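Taking it in order: structure first as structure tokens, then the write-up.
Just so you know, all these numbers are worked out from the coordinates, no wet-lab data involved. Neighbour counts are summed over all protein chains in view; Cβ atoms, including those assigned to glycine, are modelled from backbone coordinates with ideal geometry.
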Amino acid sequence: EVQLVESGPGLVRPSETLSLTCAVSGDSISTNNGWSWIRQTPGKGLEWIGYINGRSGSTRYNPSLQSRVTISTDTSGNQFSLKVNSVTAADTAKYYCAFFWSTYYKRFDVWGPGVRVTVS
Amino acid sequence: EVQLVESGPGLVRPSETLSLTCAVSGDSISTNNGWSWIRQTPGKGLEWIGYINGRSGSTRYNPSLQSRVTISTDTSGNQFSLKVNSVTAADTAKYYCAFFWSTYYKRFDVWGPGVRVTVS
Amino acid sequence: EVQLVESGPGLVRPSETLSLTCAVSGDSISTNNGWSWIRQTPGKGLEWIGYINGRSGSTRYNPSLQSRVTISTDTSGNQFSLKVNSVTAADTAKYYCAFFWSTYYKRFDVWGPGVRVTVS
Amino acid sequence: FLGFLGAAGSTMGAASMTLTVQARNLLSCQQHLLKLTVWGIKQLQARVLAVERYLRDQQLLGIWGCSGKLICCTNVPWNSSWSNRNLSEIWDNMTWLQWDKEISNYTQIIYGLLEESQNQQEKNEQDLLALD
Amino acid sequence: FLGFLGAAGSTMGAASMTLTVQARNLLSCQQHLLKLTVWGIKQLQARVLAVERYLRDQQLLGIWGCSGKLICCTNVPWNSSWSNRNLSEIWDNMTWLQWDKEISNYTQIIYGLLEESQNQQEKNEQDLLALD
Amino acid sequence: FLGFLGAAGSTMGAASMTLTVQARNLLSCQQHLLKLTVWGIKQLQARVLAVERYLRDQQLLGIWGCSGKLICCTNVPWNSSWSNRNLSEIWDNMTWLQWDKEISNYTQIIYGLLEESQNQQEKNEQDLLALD
Amino acid sequence: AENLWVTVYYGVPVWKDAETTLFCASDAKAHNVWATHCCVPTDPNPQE
Amino acid sequence: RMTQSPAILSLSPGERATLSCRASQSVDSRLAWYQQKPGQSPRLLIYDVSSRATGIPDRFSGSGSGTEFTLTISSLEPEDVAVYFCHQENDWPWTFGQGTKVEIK
Amino acid sequence: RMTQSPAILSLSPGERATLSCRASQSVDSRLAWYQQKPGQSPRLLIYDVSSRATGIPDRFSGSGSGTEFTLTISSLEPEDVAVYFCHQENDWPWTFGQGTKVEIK
Amino acid sequence: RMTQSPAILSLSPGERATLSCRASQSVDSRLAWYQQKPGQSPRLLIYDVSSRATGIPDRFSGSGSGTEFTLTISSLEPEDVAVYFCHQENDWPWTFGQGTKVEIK
Ligand SMILES: *[C@@H]1O[C@H](CO[C@@H]2O[C@@H](C)[C@@H](O)[C@@H](O)[C@@H]2O)[C@@H](O[C@@H]2O[C@H](CO)[C@@H](O)[C@H](O)[C@H]2NC(C)=O)[C@H](O)[C@H]1NC(C)=O
Ligand SMILES: *[C@@H]1O[C@H](CO[C@@H]2O[C@@H](C)[C@@H](O)[C@@H](O)[C@@H]2O)[C@@H](O[C@@H]2O[C@H](CO)[C@@H](O)[C@H](O)[C@H]2NC(C)=O)[C@H](O)[C@H]1NC(C)=O
Ligand SMILES: *[C@@H]1O[C@H](CO[C@@H]2O[C@@H](C)[C@@H](O)[C@@H](O)[C@@H]2O)[C@@H](O[C@@H]2O[C@H](CO)[C@@H](O)[C@H](O)[C@H]2NC(C)=O)[C@H](O)[C@H]1NC(C)=O
Ligand SMILES: *[C@@H]1O[C@H](CO)[C@@H](O[C@@H]2O[C@H](CO)[C@@H](O)[C@H](O)[C@H]2NC(C)=O)[C@H](O)[C@H]1NC(C)=O
Ligand SMILES: *[C@@H]1O[C@H](CO)[C@@H](O[C@@H]2O[C@H](CO)[C@@H](O)[C@H](O)[C@H]2NC(C)=O)[C@H](O)[C@H]1NC(C)=O
Ligand SMILES: *[C@@H]1O[C@H](CO)[C@@H](O[C@@H]2O[C@H](CO)[C@@H](O)[C@H](O)[C@H]2NC(C)=O)[C@H](O)[C@H]1NC(C)=O
Ligand SMILES: *[C@@H]1O[C@H](CO)[C@@H](O[C@@H]2O[C@H](CO)[C@@H](O)[C@H](O)[C@H]2NC(C)=O)[C@H](O)[C@H]1NC(C)=O
Ligand SMILES: *[C@@H]1O[C@H](CO)[C@@H](O[C@@H]2O[C@H](CO)[C@@H](O)[C@H](O)[C@H]2NC(C)=O)[C@H](O)[C@H]1NC(C)=O
Ligand SMILES: *[C@@H]1O[C@H](CO)[C@@H](O[C@@H]2O[C@H](CO)[C@@H](O)[C@H](O)[C@H]2NC(C)=O)[C@H](O)[C@H]1NC(C)=O
Ligand SMILES: *[C@@H]1O[C@H](CO)[C@@H](O)[C@H](O)[C@H]1NC(C)=O
Ligand SMILES: *[C@@H]1O[C@H](CO)[C@@H](O)[C@H](O)[C@H]1NC(C)=O
Ligand SMILES: *[C@@H]1O[C@H](CO)[C@@H](O)[C@H](O)[C@H]1NC(C)=O
């Protein structure tokens, strides 16, 4: 069973970048696909940011964030992270680390507690 | 030969919804595809709104109207209708009920007289 | 070896159209694909405008210019040209005539000196 | 065998709905055959032929770009000289047996054109700027 | 011949990775055969049969819309009455030999449905406003 | 039979335009054969072999993911050790007979890699988040 | 409520009992009747 | 998209009308023409560039491909005064040209 | 996209909840439902419209296709007070509905 | 899209230049590099990430895939002062990076 643990600054000033790191325990990032970021925006609800294939480094992002978001993997640390280019107050949200398994044979989620980040 | 007969309010106030019903005579809505709505906008000409497959309930809409338009079928009444979420003066147009047959073997239209609707 | 020679007005007033003609020497336009226009915009760099298949007349354009750009071929003169609908100061650029060969077996460019056009 | 030929009197349009019925039926002792080795050959020749006929039709669908399909579109235009009729005269009120009699002489012209069309299509796929 | 049957004891899921191993092995003197024309026939009959069996399976994949694939999806829903098990009971902890014994009686029902589904799909392709 | 081998002296590039000419020619009495049952066998053996050779090549194109095509791309990189030449030395100024002599020893290495590539591609299709 | 859809697999490792004709093969190395009716050589290292 | 030209065709009785329609993108051959008379729903004249619809007289014809299409009307009679529309069917949304008028006198 | 309704479901203990979700475009059957409790990450309940996730009780069910989907909860117990979310998986970006609340009293 | 870095590479004669280019989306291997000198049309150096164009010296090389690509220049000579451009061919519109300069002294 995979566990997802997250940390990073809970406060970013406008025009500064945002950075969150998710530690992965119980499995290897480099073996599985579906490592991803989702955020819960007050007044809007849950929104997908994007995901990474730990086996290749290929990523996919939500078009609204393609100009600002980078997702990458630390294969030594067995942790992955989300970086967002300069942010504004509009980016205040609860950010989450999640693992999505979706194949022809099985479907399941692992979804960690997240990090609350305020931009102000 | 299919005949298309239409009715509904010729006046909608701004911010109110728009609703038009097309009666179908000579055939069954539930058997054919291609039941559709088109409008003639003054200063612009004819524009497609969307269409419904009477055999399934699946619909397709003009992207500019996807946020506001609903098309549905009354299988008891053998009538179908167009509903538009809140409208503005920009939506004044002649609205038409039409049936489009397009297959590998035949091509034809049935196109009714329409309803004139003013938003103001 | 194909040579590309260009000429046209180096000055267009705002709201007037832009017109550049590229002469082709060493081969036949009507036989090859890949005849194209590219411009170098100060402060931005190189941008694709579009290209024409001399064997058919079919063209493809950069979406940002689809509302204004026309590319066509003179099969008698063995020259092709770029026409742009009314232009503004934002369209000042170095415009180039180029030939792009890209197949399963070979890759090469022929790229002429271009025409400098100021809109003002 | 529930309609091996049930659509024979149907119109060309209606008969298009039984293509799997006819296709699935076109590629359907002990000691006697070896004791009397005349019959072993008579039987094998019948079986080999059924296989060869099947494969020749499959090769043509492959060459024309219609492999794996029962209904396939091409890019060869219809010549009015092959049959000067409109669609409402062909798909309705006409059977496939009648149509075959009408077209027969033009079969090879049409097949040759279908092969040329596919070769032109392949040539255009080895040029990364194709059809623009 | 490096696993002709190596996956036989593997689970259904794991065995899905050897499909090319089994497929590539299913379509693998001088004067004696003509001097003694009993054996020429015995040998040809074995060869003709291997070809006919191969082609019948290929024709079915064609009809069902799965031509050219080793793994193919369809649009026929699974009936719970055919096997009342969830996916975690089928793909894991079960072999293909066991599954075949469990399904056997329903083989023809399933095949008939696969053919009907493909015909419905083709009908919807001769109507340019399909699925909307 | 209008070029069964017309492209033999052409360059590799030019010869790519006759693939349908060679393919269409690779799967082209009465009582005598049964009265003298030596010849019935001699004839059937020739016919069965032509069919088996045809089908083995079709099975490989199927396994490699090139079914239905005369020209097909793959994802296996070319090893420089198989032939240390650039494209302008291969497609121009060289025939297919010369190329075959040059590659011959590496034929099985290449075929094995083509099969591995297709299996990896299929594995990635049973994971709905593939290639991202 | 599983909502699954009958997928199709080809190349599945399933076998059934059957009766067919087997052919003879020899070691090559062998006017003996079985040296003539058993012409096809076996692989020197059978793939078991 | 596509547009039509001339906006107004002022023609003599018996004259041939020529009405063009030009797309910014290829629409293959999936083009239809419609005739609009006062108080009427649009009538289909021509489909698939040149195929005449049932009940339409031989005076109506046409040609073209890809991006360049033309509708022509031979021997114009007063009954042919109408607004003619160019209809794009090749891809969604389906669109119409602005329509042009043929006037006779 | 898609949205959910009612925003708030005020239900009696033992009552059946009905929660709808409507897409503007077909999503085929690629729909999942999630349960959100205070302080928790979202829990998966149902996937592929009606298939129940491992560890989820029989009180949770559902149906629908294309654009019209429903989540139902039988015999509501106080432990089921939560915000329920509709999740679209059929195409990118994947989206969520706004979520609705089921309250018991 | 994609961009290049460093904007300016101030290098010693004989030094190796390293010029990166990063895409926001995979472009597979369909990447080309161009050399721009004053008054010249752009010259093609490298295509399909690492294949050298005809007439280009061995000092020019490169590698990369998907989103991360690099151009390198060995043994820089004054004749190599130029603006180097990254060109995306994988999908339409084709695009260019902003270009970077390699300066020698
Ligand atoms: C339609 O086909 C005609 C030719 O068909 C003729 O009759 C056939 C049975 C067979 O005998 C053909 O060989 C005959 O030619 C096309 O007309 C020909 O076009 C070529 C073009 O250069 C010309 O050289 C021929 O002389 C023409 N034949 C005649 C009799 O005039 C015609 O163009 C075809 N139309 C289309 C749309 O393909
Ligand atoms: C699942 O299949 C049942 C029917 O299967 C039965 O058992 C099989 C072995 C075979 O004998 C069948 O012929 C049997 O009918 C479906 O139930 C049938 O639905 C039809 C619909 O009108 C009805 O007329 C039959 O009487 C039903 N059969 C019974 C026994 O009640 C059932 O609908 C199928 N479910 C799905 C999802 O396809
Ligand atoms: C290109 O192929 C070589 C190996 O080819 C060798 O020669 C062939 C005729 C055949 O005999 C092969 O078995 C030979 O190995 C690849 O080099 C090998 O890479 C593996 C990787 O671990 C290594 O173990 C081997 O020792 C290497 N062989 C040698 C001789 O060093 C090479 O990587 C291939 N290149 C590409 C791009 O695929
Ligand atoms: C044999 O011919 C008869 C008529 O000549 C066909 O009957 C027609 O079937 C169509 C089907 O919708 C009906 O609409 C017509 O009204 C029928 N005609 C009459 C006179 O009843 C009959 O179907 C034909 N058989 C086949 C196999 O096609
Ligand atoms: C198709 O071929 C047949 C013959 O196989 C043609 O019919 C013959 O046409 C010649 C023309 O002078 C007549 O003399 C013969 O008597 C006809 N034969 C029969 C049986 O009628 C037929 O016309 C050809 N069709 C086309 C369209 O060319
Ligand atoms: C034969 O059965 C044994 C167990 O009954 C299989 O061994 C298991 O293999 C899986 C593979 O990941 C391991 O996770 C299990 O822990 C193994 N079990 C034991 C007890 O070691 C074995 O693989 C089976 N053989 C085949 C061909 O499937
Ligand atoms: C599949 O068919 C087999 C028989 O071929 C069924 O097994 C038989 O079921 C009858 C039912 O009364 C028994 O009397 C026989 O003794 C059974 N035979 C054996 C060998 O056990 C089997 O039940 C069928 N399966 C399904 C799901 O219908
Ligand atoms: C046989 O070889 C000769 C030359 O060795 C080939 O002729 C060349 O054909 C190309 C085709 O465009 C011409 O550009 C060359 O100029 C020709 N060379 C000469 C010397 O004329 C000839 O085509 C070859 N035959 C085949 C079948 O390829
Ligand atoms: C491909 O195989 C041939 C032999 O079938 C190789 O040629 C032989 O190479 C050995 C090497 O010592 C020589 O002794 C033989 O005399 C060669 N035979 C001939 C006919 O020349 C050939 O080199 C192999 N090619 C590659 C690339 O390995
Ligand atoms: C097709 O030809 C028949 C022949 O009489 C004619 O009646 C029918 O109207 C034609 N179809 C069209 C669309 O003109
Ligand atoms: C599948 O059935 C087995 C039978 O015991 C059960 O244990 C397992 O939890 C079931 N799977 C699901 C998702 O309910
Ligand atoms: C290919 O190799 C030949 C060998 O002489 C060489 O002349 C040619 O220039 C090479 N092609 C390239 C692009 O370097």
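Smallest Cβ-to-axis distance in chain A, for the rotation taking A to B: which residue, how many Å?
In residue-and-Å form, the answer is A:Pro63, 9.
At a Förster distance of 30 Å, what's the computed FRET efficiency of F:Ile109 paired with A:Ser28, Cβ-Cβ distance as r, to 0.05?
The value I calculate is 0.40.
In deg cm²/dmol, rounded to 500, what helix-only [θ] at 222 nm does the protein assembly as shown give when every DSSP H run of at least 4 residues adds -39500 (n - 2.57) and the total is split over its residues?
-5000 deg cm²/dmol
Would you mind listing the distances between the F:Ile103 label point and the same position in each other copy? Use 7 Å along Cα-to-C-beta, nm, one decimal, shortest first.
3.8, 3.8
Let me have the relative contact order for the range C:40-81, percent, based on Cα pairs under 8 Å that are six or more residues apart.
27 percent.
Using +1 at the Cβ of each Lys and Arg and -1 at the Cβ of each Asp and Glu in chain J, identify which of J:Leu11, J:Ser61, J:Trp92 lies farthest towards the dipole's positive end.
The one lying farthest along the dipole's positive direction is J:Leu11.
Looking at chain J, what % of its DSSP beta bridges pair antiparallel, to the nearest 5?
90 percent
Name the GluC sites (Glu not before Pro) in the range E:88-132 that are in a loop by DSSP and that have at most 15 other C-beta atoms within 10 Å, would you?
Passing both the DSSP loop test and the Cβ count: E:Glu125.
Calculate how many DSSP beta bridges within chain A are antiparallel, expressed in % of all such bridges and rounded to the nearest 5.
The antiparallel fraction comes to roughly 95 percent.
Excluding residues on the same chain fewer than 8 positions from J:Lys37, give the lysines whose Cα lies under 19 Å from its Cα.
C:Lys44, C:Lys94, J:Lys101, J:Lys105
Relative to the Cα centre, what is the charge dipole magnitude of chain G, using +1 at the beta carbon of each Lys and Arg, -1 at the beta carbon of each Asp and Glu, and rounding to the nearest 20 debye?
The calculation lands at about 180 debye.
Test of understanding: ordering G:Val40, D:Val48, C:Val84 by Cβ neighbours within 10 Å, fewest first, what list do you get?
Result, fewest neighbours first: G:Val40, D:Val48, C:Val84.
With a cut-off of at most 16 other beta carbons within 10 Å, and DSSP calling the residue loop, which GluC sites (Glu not before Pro) in the range I:1-96 qualify? Please list them. Please list the in-between numbers first.
On the way: sites: I:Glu15, I:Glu68, I:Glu79, I:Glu89; in loops: I:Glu15, I:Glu89.
Hits after loop and neighbour filter: I:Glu15.
Do any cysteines of chain F lack a neighbour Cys whose Cβ is under 4.7 Å away, and which are they?
Unpaired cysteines in chain F: F:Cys29, F:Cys73.
With +1 on each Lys and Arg Cβ and -1 on each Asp and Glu Cβ, how big is the dipole of chain B about its Cα centre, in debye rounded to the nearest 20? Each step should come with its number before you reach the end.
Details: 11 positive and 8 negative charges, 55 e Å.
Charge dipole, chain B, about its Cα centre: 260 debye, nearest 20.
Applying the Karplus parametrisation 6.51 cos²θ - 1.76 cosθ + 1.60 with θ = phi - 60° to the phi angles of the range A:106-111, what ³J(HN,Hα) value in whole Hz is obtained for each residue in order, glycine and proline being reported as x?
9, 9, 7, 10, 10, 9
Please state the relative contact order of chain C as a whole percent: Cα pairs under 8 Å, 6+ residues apart?
Relative contact order for chain C comes out at 35 percent.
Projecting each Cα onto the charge dipole of chain E (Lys/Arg +1, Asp/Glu -1 at the beta carbon, about the Cα centre), which of E:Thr37, E:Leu113, E:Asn25 comes out farthest on the positive side?
Farthest along the dipole direction, towards plus: E:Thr37.
Determine, from the Cβ-Cβ distance of F:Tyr54 and E:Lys101 and an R0 of 60 Å, the FRET efficiency 1/(1 + (r/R0)^6), rounded to the nearest 0.05.
After rounding to 0.05, the efficiency reads 0.95.
Would you mind giving the three semi-axes, in whole Å and largest first, of the ellipsoid equivalent to the protein assembly as shown according to its Cα gyration tensor? Write out the running numbers ahead of the final one.
Values: eigenvalues 507, 342, 338 Å².
Output for the protein assembly as shown: semi-axes of 50, 41, 41 Å.
Each residue of the range I:75-81 in order: what ³J(HN,Hα) in whole Hz does its phi give by Karplus 6.51 cos²θ - 1.76 cosθ + 1.60, θ = phi - 60°, with x for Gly and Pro?
6, 3, 10, x, 5, 8, 6
Please work out the ratio of the alpha-carbon Rg of chain J to 2.2 N^0.38 Å and round it to two decimals.
Scaled against compact globular proteins, the figure is 0.99.
Report the chymotrypsin sites (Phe, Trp or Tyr not before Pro) located in the range D:85-125 that are in a DSSP loop and have at most 10 other Cβ atoms inside 10 Å of their Cβ, or state none. Walk me through the numbers before you get to the answer.
On the way: sites: D:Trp91, D:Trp96, D:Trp99, D:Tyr106, D:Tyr111; in loops: D:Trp91.
Here no loop site has a sparse enough neighbourhood.
Only Cα pairs under 8 Å and at least 6 apart count here; give the relative contact order of chain J as a rounded whole percent.
37 percent
On the principal axes of its Cα set, how long, how wide and how thick is chain C? Give whole Å, largest value first.
Its Cα atoms span 42, 30, 25 Å along the three principal axes.
Quick one: Karplus J couplings for the range F:35-52, per residue in order, coefficients 6.51, -1.76, 1.60, θ = phi - 60°, nearest Hz, x for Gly and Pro?
5, 10, 7, 10, 7, x, 6, 3, 5, 5, 4, 4, 6, 5, 4, 4, 5, 4
Quick check for me: using +1 on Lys/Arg Cβ and -1 on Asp/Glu Cβ, what's the dipole size of chain F about its Cα centre, in debye to the nearest 20?
940 debye
Given R₀ = 22 Å, what would the calculated FRET efficiency be for J:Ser24 paired with J:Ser63, taking r from the Cβ atoms and rounding to 0.05?
0.65
Once both labels are modelled 7 Å past Cα along the beta-carbon direction, what's the D:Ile71-E:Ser28 spacing in nm?
4.4 nm
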